[PDB]
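Sequence lines, in order, name chains A and A'. A prime marks a further copy of an entry chain. So the first sequence is numbered by PDB author numbering: it starts at 225 and just counts up by one. So the second sequence is numbered by PDB author numbering: it starts at 225 and just counts up by one. Think of the CB as a built atom: it goes at the ideal place given N, C-alpha and C, for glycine as much as any other residue. Scroll down for the structure; my scribbles are underneath it.
Number of protein chains: 2
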Amino acid sequence: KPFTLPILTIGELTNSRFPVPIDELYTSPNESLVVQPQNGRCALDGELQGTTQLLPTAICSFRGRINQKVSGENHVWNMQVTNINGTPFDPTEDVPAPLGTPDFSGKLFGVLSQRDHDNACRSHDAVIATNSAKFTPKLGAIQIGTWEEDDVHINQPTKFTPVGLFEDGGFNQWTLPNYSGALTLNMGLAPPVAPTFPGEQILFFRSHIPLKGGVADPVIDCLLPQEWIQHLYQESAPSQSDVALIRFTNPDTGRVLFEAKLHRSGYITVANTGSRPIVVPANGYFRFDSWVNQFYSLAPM
Amino acid sequence: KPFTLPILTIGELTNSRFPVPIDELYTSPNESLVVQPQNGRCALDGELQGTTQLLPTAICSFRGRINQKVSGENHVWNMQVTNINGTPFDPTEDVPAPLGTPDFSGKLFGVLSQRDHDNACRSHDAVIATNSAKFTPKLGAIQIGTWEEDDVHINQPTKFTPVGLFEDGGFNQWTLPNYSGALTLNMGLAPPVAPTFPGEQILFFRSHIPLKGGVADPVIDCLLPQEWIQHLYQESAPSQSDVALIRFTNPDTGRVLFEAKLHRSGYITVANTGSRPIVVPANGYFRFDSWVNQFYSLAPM
Ligand SMILES: C[C@@H]1O[C@@H](O[C@@H]2[C@@H](O[C@H]3O[C@H](CO)[C@H](O)[C@H](O)[C@H]3O)[C@@H](O)[C@@H](CO)O[C@H]2O)[C@@H](O)[C@H](O)[C@@H]1O
Ligand SMILES: C[C@@H]1O[C@@H](O[C@@H]2[C@@H](O[C@H]3O[C@H](CO)[C@H](O)[C@H](O)[C@H]3O)[C@@H](O)[C@@H](CO)O[C@H]2O)[C@@H](O)[C@H](O)[C@@H]1O
């Protein structure tokens with residue numbers, strides 16, 4: 225079964241780490257950064273990893289019930305989380321946290337909504353601090369703050385729709401949350417990725433995400449767009465080597481702009497030595513060329 | 225090229241008319257309703273129709289700039305809309321409105337966000353009344369209300385992230401907006417669908433969407449889940465007849481629960497005479513069985 229990528233332009237790709245479209249391709253030196261995202265992780269044979277699941281809208285969402293208001297706390301609530309489809313999260317599941325759980329540290333801004341058993345409804349702005357000691361999705365519980373303390377009901381079906389960042393301070397896209405809280409190690413993680421081959425860098429699919437306030441340009445970089453993950457999952461084609469050579473191609477001119485290594489574990493490297501935003505034609509897309517080895521030498525971008 | 229559906233359970237499907245997961249299958253008598261959704265429209269050969277586009281998160285979103293505050297209006301703003309990827313919308317485009325434009329009448333609740341050219345950012349709750357005379361996406365302009373009038377900047381990159389309904393009153397999922405405003409007819413519409421064959425009803429993929437306030441259970445029914453549309457688009461397989469026989473199958477037991485007609489124009493009918501929520505196994509999914517004619521007699525559910 226021949227290996228394929230979906231035919232999708234940059235304007236037809238979704239970020240796999242936050243529910244927004246891809247804005248651009250991006251590459252930079254790895255430096256001292258540990259790149260270990262848990263969303264947007266999929267081996268080329270279609271095996272999902274970390275906290276990766278198939279629903280793009282569900283990335284960074286939460287579901288469950290508000291069991292109680294935080295003691296001595298105004299505008300802060302305790303949530304018992306379930307899976308995206310509302311089923312109980314089993315903490316013994318061999319995963320870092322419920323699938324779709326955010327994989328970055330920061331204050332996530334969005335809207336908390338409820339429909340009570342009697343169909344009484346409410347929506348209110350909310351923030352979820354993923355860097356907080358009270359953020360323990362792996363234990364089935366997180367904390368949610370609102371601006372107004374009065375209008376949130378207890379033990380009623382609750383959802384969180386992510387919108388963007390509350391603030392930029394403390395936001396680090398590569399710093400994983402402590403899914404189980406303080407002094408506890410994360411488990412079942414998709415491994416970190418790094419460009420091993422000399423002269424190579426990771427190529428990212430970048431989105432500039434919304435911000436509630438302040439001056440900044442917060443970005444989320446994913447290793448594979450969500451659609452590629454969805455495609456890989458369906459195809460389940462056996463990887464023939466540890467690297468698929470892919471070529472970014474303009475379908476109109478036939479011009480192959482550049483080539484890249486799509487690694488078996490689900491990330492892309494390119495021969496590039498600086499941090500730039502690639503600028504590709506709107507009609508262009510990666511096409512699978514052939515299987516090669518990890519030591520194949522790419523044409524420098 | 226053999227026709228296929230993606231292998232996806234109900235818990236792996238996204239609504240094509242609002243950016244949320246599918247909750248359930250649903251069927252009811254058509255009655256006097258005109259079912260003519262513009263999102264979630266795709267022929268079986270992969271031809272997108274109405275306002276349908278590929279990005280699930282982008283459904284019911286808006287992008288553009290706030291050109292001015294509505295005269296003599298507090299908390300109401302004018303938006304000049306662009307396409308999802310930020311490109312200019314061309315009103316001469318042979319479509320009812322910019323792709324992704326909501327296709328139902330009501331008050332849409334969400335979050336308006338901006339990043340100024342200087343990277344100054346803000347997010348604020350917002351409502352977009354699609355039943356309003358000022359809702360004219362086909363003309364490249366809509367109106368957006370906020371709660372606070374002060375903190376929205378003019379001529380700065382703006383996005384709207386949909387969350388749910390502001391209110392239930394006036395919400396009709398089958399009543400299209402007047403995309404060009406008062407006294408103007410919609411154009412380039414995907415045609416209405418209806419069960420022609422005696423004893424048949426449309427089968428829908430239903431989601432219960434969030435609500436800002438009041439007591440209600442607002443639902444959005446789509447004809448095809450977004451993933452099926454994405455799959456059809458990629459496959460572009462030629463339809464061999466006007467109807468694909470599909471069978472909802474439990475992959476574990478092998479039990480075929482029921483069968484349905486998947487029509488060439490992209491909707492499903494079933495032999496069913498009442499309005500019920502189907503209840504299918506979590507592991508189940510439709511599988512293509514064969515091409516048949518429009519007059520094939522389905523086993524009653
Ligand atoms: C850069 C600046 O960011 C925002 O104003 C902040 C403000 O942040 C919050 O409060 C305001 C309302 O006062 C808005 O709701 C923001 O969206 C919130 O994030 C505060 O932190 C104050 C503290 O003095 O600093 C301001 O700069 C935003 O509203 C402004 O438009 C502007 O972009
Ligand atoms: C059924 C009821 O709906 C909501 O309260 C409404 C309220 O609606 C808005 O204002 C409140 C705050 O006062 C909340 O923000 C709602 O989310 C808003 O939609 C008003 O319409 C009042 C008018 O008297 O009626 C209330 O019923 C909701 O807050 C309640 O929890 C409840 O579900």
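Residue i, buried or exposed, once every other Cβ within 10 Å from all chains shown has been counted against 16
i, result
"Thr238(A)", "buried"
"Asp375(A)", "exposed"
"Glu424(A')", "buried"
"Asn379(A)", "exposed"
"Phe395(A)", "buried"
"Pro312(A)", "exposed"
"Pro280(A)", "buried"
"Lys225(A')", "exposed"
"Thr497(A)", "exposed"
"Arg500(A')", "exposed"
"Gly296(A)", "exposed"
"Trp371(A')", "exposed"
"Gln518(A)", "exposed"
"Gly235(A)", "buried"
"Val351(A)", "buried"
"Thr382(A)", "buried"
"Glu451(A')", "buried"
"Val503(A')", "exposed"
"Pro462(A')", "exposed"
"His341(A')", "exposed"
"residue 184(A')", "The first residue shown for chain A' is 225 and the last is 525, placing residue 184(A') beyond what the model contains."
Cross-chain neighbours of residue i in chain A, by beta carbon under 7 angstroms
i, result
"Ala344(A')", "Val439"
"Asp349(A')", "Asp349"
"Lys383(A')", "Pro434"
"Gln458(A')", "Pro230, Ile231"
"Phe333(A')", "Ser347"
"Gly388(A')", "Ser337, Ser347"
Within chain A', partners of residue i - CB distance below 8 angstroms
i, result
"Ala282(A)", "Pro245"
"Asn254(A)", "Residues of chain A' passing the Cβ test: none, with the nearest at roughly 25 angstroms."
"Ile308(A)", "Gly235, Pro245"
Proximal residues of chain A, C-beta to C-beta of residue i below 8 angstroms
i, result
"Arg339(A')", "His432, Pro434, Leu435, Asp441"
"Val376(A')", "Going along chain A, no residue has its Cβ under 8 angstroms from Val376(A'), so there is no contact; the nearest lies around 13 angstroms."
"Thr325(A')", "Under the 8 angstroms cutoff, chain A gives no residues; its nearest Cβ is about 16 angstroms from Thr325(A')."
"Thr238(A')", "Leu279, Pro280, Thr281"
### Task
Give, in chain order, every unbroken run of the beta strand (DSSP E) that is at least 3 residues long and sits entirely within the region 450-485 of chain A.
Complete beta strand (DSSP E) runs here, min 3: 467-473.
| message | So within the region 413-442 of chain A, which uninterrupted beta strand (DSSP E) runs reach at least 3 residues, ignoring any that extend past its ends? | response | 424-432, 437-439
query: Is the region 286-293 of chain A close to the region 253-260 of chain A, with three or more CB pairs under 8 angstroms?
result: No contact exists between the region 286-293 of chain A and the region 253-260 of chain A.
Segment contact, 8 angstroms Cβ cut-off, at least three pairs: the region 483-494 of chain A with the region 403-415 of chain A':
No contact exists between the region 483-494 of chain A and the region 403-415 of chain A'.
- prompt: Okay, do the region 389-405 of chain A and the region 300-308 of chain A touch, 3+ Cβ pairs below 8 angstroms being the bar?
  reply: no
Touching or not, the region 417-430 of chain A' and the region 242-252 of chain A', by the rule of three or more beta carbon pairs under 8 angstroms? yes
Just list the alpha helix (DSSP H) runs in the region 230-268 of chain A, keeping only unbroken ones of 4 residues or longer that don't cross its boundaries, in chain order. none
Worksheet entry | Sufficient close CB pairs (3 or more, under 8 angstroms) joining the region 385-394 of chain A' to the region 433-444 of chain A' | yes
When the Cβ atoms of the region 439-452 of chain A are set against those of the region 471-481 of chain A, are three or more pairs found closer than 8 angstroms?
-> no
Any 3 or more C-beta pairs closer than 8 angstroms across the region 259-273 of chain A and the region 321-333 of chain A:
yes
| query | Does the region 459-473 of chain A' touch the region 497-516 of chain A', meaning 3 or more C-beta pairs lie closer than 8 angstroms? | reply | Judged by Cβ distances under 8 angstroms, the region 497-516 of chain A' makes contact with the region 459-473 of chain A', as three or more pairs qualify.
Q) Quick one: any contact between the region 330-337 of chain A and the region 271-283 of chain A, if contact means 3 or more CB pairs under 8 angstroms? A) no
Unbroken beta strand (DSSP E) runs of length 3 or more, entirely within the region 276-347 of chain A: which are they? 286-293, 300-306, 331-339
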